[PDB]
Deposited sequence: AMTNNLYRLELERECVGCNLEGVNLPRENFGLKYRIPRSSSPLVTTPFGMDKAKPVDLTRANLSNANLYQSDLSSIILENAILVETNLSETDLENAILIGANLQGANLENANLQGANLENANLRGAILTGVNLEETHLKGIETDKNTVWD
């Protein structure tokens, strides 16, 4: 049940293999940079001992993650076809073997992110921060947009 998946995400910080196709989770915080204990109380302190959200083999196709924090997230072998990842924070994220076909990553931050063997066919990466981003083995095509 979706309710159970959301619980595992909020509490267990994971949802391996979950089916989250088309979910609407914009502006959420699934990263390791900050925490909100009043949405301005946001602070990085207290994150020294926190685990990264695990979404290995998860299906987030066509899901909306607009402006969500996904820093250090684990999306290994995840399915993200046509997913809205624009303006998301994917710093140090693990996207090994991820399927990002037709995904929208506009203005997303991918610093230190690992996208080895990831599929970027038709994906849009305009304005993306590729500083120290591992792009070894990625797949692209005439539809892949970089600018």
Gaps in the model (deposited sequence, numbered from 1) = 38 to 40
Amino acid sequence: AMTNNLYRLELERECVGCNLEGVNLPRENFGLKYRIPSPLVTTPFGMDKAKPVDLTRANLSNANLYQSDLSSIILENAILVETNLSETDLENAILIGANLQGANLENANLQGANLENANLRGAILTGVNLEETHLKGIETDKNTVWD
From here on, numbers count along this sequence of modelled residues.
According to the deposited model, is the average Cα temperature factor higher in 43 to 51 or in 60 to 68?
-> 43 to 51
Between 28 to 36 and 86 to 94 (mean CA B-factor, as deposited), the higher | 28 to 36
Hey, what third does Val23 fall into on Cα B-factor, ranked over its chain?
-> lowest
